[PDB]
Structures are given as C-alpha cells and as structure tokens.
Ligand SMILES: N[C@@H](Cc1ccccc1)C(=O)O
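Next up: a single chain in structure tokens, the form solved without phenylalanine.
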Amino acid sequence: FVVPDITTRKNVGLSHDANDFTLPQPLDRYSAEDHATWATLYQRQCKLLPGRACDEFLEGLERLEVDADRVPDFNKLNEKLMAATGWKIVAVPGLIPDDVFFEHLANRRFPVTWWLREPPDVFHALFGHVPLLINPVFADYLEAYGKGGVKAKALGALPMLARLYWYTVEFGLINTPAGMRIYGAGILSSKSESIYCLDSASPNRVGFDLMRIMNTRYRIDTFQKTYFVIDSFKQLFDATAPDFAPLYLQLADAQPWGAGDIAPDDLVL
C-alpha cells in the first residue's frame, strides 16, 4: 500500500506559487501539540549544544528571539533578520525545485518548510538553518551560493553545487582554538549526530577544499562518514569568488570520492 506522505497530508487545502513555491505561513494549522513538540525539540537541542555548536549559532538564536515555547511567527522573526543582514525567511510547502531554491537565496530569501514533525521540517529549517543568517559573512556566502544556481543549471552541474551545500550549510564543522565546533544545520537540529560528529573516532574530519567537496558523494539516510572543517565563515565566502564553470567541466568526467573516502591531498584533522 501507498499512503500520502507528511508533506501531502500537512498541505491539504493549501496552495503554493507555481513558480516560486511560496505561501503565507499557515498559523491556524499549528496545534497545541505542534507548539509543545517545538518546545520539546528546542529544549533538547539547547541542552545538548553548548560547547558543541559554534558560538555564532547560539548567539543567533538569542538575537533573532527564536521562540522557545512555540513555532515562531515568520513575519516577527523577519523584523530582526531584515535589520541585521537584509535577509528574510519565506514559507514553502516542503521540498521545492532547485532553480526556485537558488533564486530565493540569490535574493536573500531563505525558504523554510512551514510544518512540523509529529512527536526536513520547520524545526530543522528554522532552528537549524536560520540563526547563522544574522552573521553577515555567512549570509553573503548563502547569497553567493544562490547566485551560482543559474550557471550551474545551464551546465548540468546542480548536483555538484548540492555537494558543496551539503558539506557546508548542512553538515559543516568549524575549527576554533577552543576545539572543533558545529555549524551545519543538519547536525544542529539532530538528536545524536552532534555527539558523533565531535566525539566519535569513526568519521573523517577533513580540511575544507572546494574541488574535493564538489567531487564527493553524500548519503542522506545515515550519519556522515566525512565532515569538512573550515577555519572561518570567510573561507566559505572566499571559496565562491572564482569562476565555477571550468571546475564543473573538470568534475563532470571524474570519478567522485565515496562518502567515506580520504583523498590523497586531504588535510586530515
């Protein structure tokens, strides 16, 4: 039997732009259970993350006044976000087309799935991704990433950019004099990956390298076998400076590294 998935069920009776896939945040659809689920997840992560999350993340939560006790009102969060970096969040139904996603980031709009899991959803999107948008360097990296979507799509290279996003925005680590810390949203909203990614001898931790990352496969249904480590958000933004076109064409005929591989030139940490 095939039954409707959560995206389908949550969006019953709602609409989305056929081009940019946005909708007004459906505030009336959040139940008491939803706000309680949000509060539980928020409390859980805030207990786990001190000394694991990078300091910029935890500061972003406070500066944006991300609600501890209910699903945040997107309009209200946008007041603080816009004043900080000129970014805003927009509600989407769930997974959206790539050109749409990129066009949003290119225009300093961060798409956020509106609905919450039952006890990627709004907790992952808002709690995991949004706090770093208050950091001007990180925000500029995301904008530059978004702007690269047009060229990538024209060259059939969206999956190569997707690897860069996965291994930075979703699963990135940042080294600090106080020790290794986390900036990837997929780790920051996770119950357990926050522990494994810093505490386990199992995963590789490899210095950030643009070409290497864009040549590296990933899997979505398991903890990462490799994490890439930056020294600063400036490293990410600076990585977007050169022309990616000749990089895509070189990668196109290469054999990608497996998710668990160490490459001969890796700086292994």
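Residue numbers run from 1 along the displayed sequence.
Another form, the form deposited with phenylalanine bound, is not on view; read the next lines as being about it.
J.: Even though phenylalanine is not shown here, does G128 get within 4.5 Å of it in the deposited complex, heavy atoms only?
T.: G128: no, not in contact with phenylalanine in the deposited complex.
J.: Any chance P242 has a heavy atom within 4.5 Å of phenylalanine in the deposited complex?
T.: Close contact exists here: in the deposited complex, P242 approaches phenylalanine to within 4.5 Å, heavy atoms only.
J.: Taking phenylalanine as it sits in the deposited complex, is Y167 near enough to touch it, meaning that at least one heavy atom pair lies within 4.5 angstroms?
T.: It does not: once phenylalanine is placed as it appears in the deposited complex, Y167 has no heavy atom within 4.5 Å of it.
J.: Is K80 one of the residues lying within 4.5 Å of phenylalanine in the deposited complex, judged by heavy atom distances?
T.: Result no; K80 lies far from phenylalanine in the deposited complex.
J.: Go through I134, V122, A144, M180 and name the one with a heavy atom inside 4.5 Å of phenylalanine in the deposited complex.
T.: Of the listed residues, the single hit is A144.
J.: Could you spot which one of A106, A139, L198, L161 gets a heavy atom to within 4.5 Å of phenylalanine in the deposited complex?
T.: The residue in contact is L161.
J.: Partner absent here, but in the deposited complex, which of 171-179, 72-80, 148-156, 188-196 has residues with a heavy atom within 4.5 Å of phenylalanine?
T.: In the other structure, the partner sits against 148-156.
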